[PDB]
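Nothing in this text is a laboratory measurement; each read-out follows from the coordinates by a stated rule. Here the Cβ is made from the backbone with ideal geometry for all residues, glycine too, and neighbour counts use every protein chain on show.
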Amino acid sequence: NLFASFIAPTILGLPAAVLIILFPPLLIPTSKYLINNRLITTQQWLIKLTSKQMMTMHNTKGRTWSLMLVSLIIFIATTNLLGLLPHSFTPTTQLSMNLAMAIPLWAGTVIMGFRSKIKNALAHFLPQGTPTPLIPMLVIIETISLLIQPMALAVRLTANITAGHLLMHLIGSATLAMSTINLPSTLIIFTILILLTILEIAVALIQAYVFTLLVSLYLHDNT
Amino acid sequence: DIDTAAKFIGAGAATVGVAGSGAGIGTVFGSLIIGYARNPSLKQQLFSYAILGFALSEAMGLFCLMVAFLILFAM
Amino acid sequence: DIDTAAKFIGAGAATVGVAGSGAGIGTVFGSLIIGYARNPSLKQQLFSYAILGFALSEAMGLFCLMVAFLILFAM
Amino acid sequence: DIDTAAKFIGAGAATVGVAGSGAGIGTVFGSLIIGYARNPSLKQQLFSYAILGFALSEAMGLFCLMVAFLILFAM
Amino acid sequence: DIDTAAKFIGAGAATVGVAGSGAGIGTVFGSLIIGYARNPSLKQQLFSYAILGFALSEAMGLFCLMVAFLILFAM
Amino acid sequence: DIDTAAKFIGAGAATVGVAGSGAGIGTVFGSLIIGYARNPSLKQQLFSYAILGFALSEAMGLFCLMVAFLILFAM
Amino acid sequence: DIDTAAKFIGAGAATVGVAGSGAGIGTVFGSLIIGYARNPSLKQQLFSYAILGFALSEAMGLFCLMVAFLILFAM
Amino acid sequence: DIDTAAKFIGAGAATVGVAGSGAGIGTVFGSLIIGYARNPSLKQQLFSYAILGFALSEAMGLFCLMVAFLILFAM
Amino acid sequence: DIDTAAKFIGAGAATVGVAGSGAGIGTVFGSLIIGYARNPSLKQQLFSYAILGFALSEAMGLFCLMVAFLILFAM
Amino acid sequence: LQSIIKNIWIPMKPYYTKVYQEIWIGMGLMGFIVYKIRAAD
Amino acid sequence: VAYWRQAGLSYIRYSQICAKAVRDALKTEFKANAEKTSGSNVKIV
Amino acid sequence: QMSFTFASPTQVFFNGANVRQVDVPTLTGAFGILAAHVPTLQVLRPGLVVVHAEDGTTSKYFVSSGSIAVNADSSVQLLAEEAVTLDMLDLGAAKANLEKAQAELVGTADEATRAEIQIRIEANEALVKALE
Amino acid sequence: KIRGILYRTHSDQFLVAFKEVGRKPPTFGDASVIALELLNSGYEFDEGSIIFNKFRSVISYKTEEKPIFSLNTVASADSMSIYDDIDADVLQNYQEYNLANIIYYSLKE
């Protein structure tokens, strides 16, 4: 009824969500040339800026994950923007995909943080200058937070895109139900829809960047 | 039904929890105003943090709405 | 009916969530006052951010009212 | 009647939302006090913003009371 | 009766809204403390604004209590 | 009885409103700490205002508890 | 029984009011951090006020818990 | 059923408690903005604390949601 | 049963009270960020207070959860 | 099998064997979690 | 209250130390001239 | 509107000029100063000083200590004890001095000379970071 | 010279003198040394004044006297309430630096 835009799309009985997930990278052409067209120029510029702004903080071991993280911040971003197209199915609105993006990443990061550096890894569970009478619970709280963080990532992205698209759709329905009534009110609701669309573009970009930044900071912590 | 009724009540309740995100964004953007009024040369950089700050405040707010719908429709 | 009753209750509840936007605009404009009192030469620029700050605080507030009406009429 | 009862309950609930305006004006006038204590030469100008700040805080508060009466009498 | 019951419930609810005035006066007098600690020569003048600030915070609080009694007795 | 039940519910609700006084005293004494750390020569005088600030925050808190008991016993 | 049920509900409600003490101690110790970072020579003295500040914030919190138990056991 | 109904009500209630985390992250990132605007050379280090601050605020928020689901599904 | 139902409701309610601890830790670590950005030479010492501050905020939060479980299992 | 391993498996190997091992372990954990979920349904 | 003031210094000393640090980190092209323009000859009696 | 006066004991960089914004590293934090700024007076710590001219170009000096003062008439006087333009310095000497001072710190034990050493370290750290 | 001229009739009313001034063109290092010595003297002057020879022209000079206030003076000055982020520590540092500045200025004149 209302969640028609989030049901796994199928066409002619075929699960066409796979094509929608595969499509974004088709919008990033590459080239072995030296001077190239405008699209690849700007896109290489953006990848350069993003890599610089993200990886810089990491040490020599962290930056090996660079290829990963940048790719991440691209994929998500493109997907999000492709969502804002009419009648489009946004695969980030699915909890499944975000779980599969988060649990492996944060997982492996905590894994490598435990394999080596195990001493300080178990010591990060305790801040530096903690007095004695409050030691035990300060461990368990960190345990819960760490052991849940991937859930936070996945849901924060999933439901955010969900609510964005759902609200845009509801205000659209409202404008529809105000088409046959006061035209100035129809224009006011339309303008609110325009502002919300702009905000949704911004929230797309920002949610991509924030998912990336959070995973990156976890990596930094466990390196 | 009493079930449907309690779904409505719990939905409104879980919705209450968005006041936290409201005040959080209020604080974040107020601090951004102050910090920019102090050291305007850093405006760009400051703005970044602001967005991030915002991006986590709304985060918690989202969870509230989540349960809301996850009670209103999924349950 | 119990359904209509719960609609009213959930409407009032979801309405509660506007206190967050109230406090948020309070904070934003208070910070704008301070930041202007400090560095008045930037007034114009500062004001911009204020509006934007406001524009997101009311944002969250809107969502509350949304559910309100989206329960009062659409459901 | 259960309808009248729920009208009273929803009225009290929607009334709760005035705490946001209360805290908002509190913050605004506190910030005005500070900003004036720091740059008193701008007092007049500062006061202007204060009123405006106030004028939007009460704004949201009004909406709450609105639903209140718009439930108590219009419905 | 269910009516009397809902009157009690709505009274408590509308009473909740005094927390806003509580926090508002807290903020106002805290800011007054700071502003006086910074420019004590203006103490008198500052105090004036404080009272006014207070005079509006309690204002909103009053409205809450209003509905409270205006439900408890007038209705 | 449903009356006694609603008395208990409304009592808890009206009790909620003490969070405002809690945060208010928190803010007041925090500001007192800051203002004293700045201008310690005024300590005595500052402390006075603090008490007064406190004396009004608890004020609003009292009202909440008032209704509480004024519902629990007087009604 | 409906009485026991309402006792549980009112207990949870009156318990809500501890958020005020939580935020109050948060503010107090934050201000203590700032004030010490400014004028560390006064550390000892500052700390005193902090405790006192804390001692009143928890105060209000206590009242909440009071009603809680004073409903859970005494009533 | 009355049990399922109360599960929904308690879920919404326990969800309310996320407003605390919302305001907490708001405050943390606002303070980060200010502290960076004051001593930008420490940006990196400051950011660390911010995350940690955030990491505990969301912490408490989590507990709320915990009970929520631990009532919605486990009970 | 109505008893089990009210246990769930009161559990969610008493859980709401963790928002206070959430905002409290938010404030504490925000103030720590600011105070360190000001006087970084005191970092170590400052951090100590922070932990202590945190150690009391979570304190109150604990009490909430206490009643929660002390209602969910012990009663 | 030719130009596939040449244009896919060639570049990725240093990542697929050393950089992404913990990633593979996490993938296994995520798959086991998802399987447990799909089971209890 | 900075740390050195807690140690018993004075801003004149702070300024001397900082100016000396900037004069030593000066390139040898300008170092001798800058040091000359800030050398102290006065003697206490 | 802003009448700027940047000076050193031996040199006058600006005098009564009209700039748009000057950024100073005050001992109590960095801050910017534009026209009509709130009147204040502050002492400096070793740091960059970027002066923004009306046209938009920026002159980036480095000052080791001194005093900034902005007054009611938007008249700023910035006196710096040693105001070097950033080119007259180098990273290697700064880093080496930083190492020497850190070593003396971890070697020293008395509060007076320890504070002296830490001041030197602060100056050198500000140096290295401010250069590049 | 001034110390030798004033030492006989005024010896008790005397804290510190200085030599080596006059051979070399004075520089800020000298003024900083003098300010150091004046602060590290165990004598908190509530007010002070420096007296030099304000150079007017190649033929004309006027013996002038500049005032020198203390921390408490600028602090308690009500007109200093409009100056921002001011506390005893910042005012102390600024006071010391202005003392050195005015000594340098007097020397160069």
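Overview of results
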item	result
Helix J:21-39 axis, angle to chain J major axis (alpha carbon atoms, nearest 10°)	40 degrees
Compactness of the stretch A:126-223, expressed as Rg and Dmax over alpha-carbon positions, Å	21.7, 70
The stretch A:65-129 - convex hull of alpha carbons, volume per residue in Å³	121 Å³
Cα→Cβ-extended label distance, 7 Å offset, between A:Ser71 and A:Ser173, nm	3.9 nm
Using distinct alpha-carbon pairs, which all enter the 1/r mean, Kirkwood radius of the protein assembly as shown in Å	32.0 Å
Principal semi-axes in Å for chain J [√(5λ), Cα gyration tensor, largest first]	30, 14, 4
Anchor F:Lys43: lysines whose Cα lies under 25 Å away (excluding residues fewer than 8 positions away in-chain)	E:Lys43, G:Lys43
Normalised contact order of the stretch L:1-89, rounded percent, pairs of Cα under 8 Å and 6 or more residues apart	30 percent
Three semi-axes of the equivalent ellipsoid, chain K, Cα gyration tensor, whole Å, largest first	25, 16, 5
Share of alpha-carbon pairs per 5 Å distance bin for the stretch L:90-132, given as whole %	6, 28, 31, 19, 11, 5, 1
Under 14 Å, Cβ to Cβ, from H:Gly20 - net charge with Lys/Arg +1 and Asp/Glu -1	-2
Convex hull of Cα atoms in the stretch A:96-167, direction-averaged projection (nm²)	6.4 nm²
Shielding by partners, peptide C:45-52 (average Cβ within 10 angstrom, other chains)	4
Averaged over G:65-73, number of beta-carbon atoms from partner chains that fall within 10 Å	4
Distance from the stretch L:51-91 to the stretch H:7-75 (C-alpha centre basis), Å	42 Å
Extreme residue, positive dipole direction of the protein assembly as shown, given options D:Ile51, B:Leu32, H:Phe8 (C-beta unit charges)	B:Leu32
Rounded to 10°, Cα long-axis angle of helix M:88-108 versus longest principal axis of chain M	20 degrees
Per-residue mean of C-beta atoms belonging to partner chains within 10 Å, peptide A:131-138	3
Rule-of-thumb Rg ratio for the stretch G:2-73 [Cα; 2.2 N^0.38 Å; N residues]	1.52
With Cα atoms, 0 to 90° folded angle of helix L:111-131 axis to chain L main axis	60 degrees
Kirkwood Rh, Cα atoms: Rg over Rh of chain A	1.06
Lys pairs under 23 Å by Cα in chain A, provided they are eight or more residues apart or on distinct chains	6
Two-site FRET efficiency, E:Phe47 against L:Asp73, from Cβ-Cβ distance with R₀ of 30 Å, rounded to 0.05	0.50
Spin-label proximity, H:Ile2 to the stretch C:1-20 - amide N less than 18 Å from point 7 Å beyond Cα toward beta carbon	C:2
Net +/- balance of residues flanking A:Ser116 in space, Cβ distance below 12 Å, scoring K and R +1, D and E -1	+3
Dipole magnitude of the protein assembly as shown, debye to nearest 20 (Cβ charges: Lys/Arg +1, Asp/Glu -1, about Cα centre)	3820 debye
Reach of E:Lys7 by Cα under 16 Å, taken over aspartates and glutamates that are not fewer than 8 positions away in the same chain	D:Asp1, D:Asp3, F:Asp1, F:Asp3
Rel. contact order, % - alpha carbon contacts under 8 angstrom, at least six apart, chain A	29 percent
Value of relative contact order over chain I, rounded to a whole percent, pairs C-alpha under 8 Å and six or more apart	54 percent
Sequence of I:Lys7, A:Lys117 once ranked by neighbouring C-beta atoms within 10 Å, starting from the fewest	A:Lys117, I:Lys7
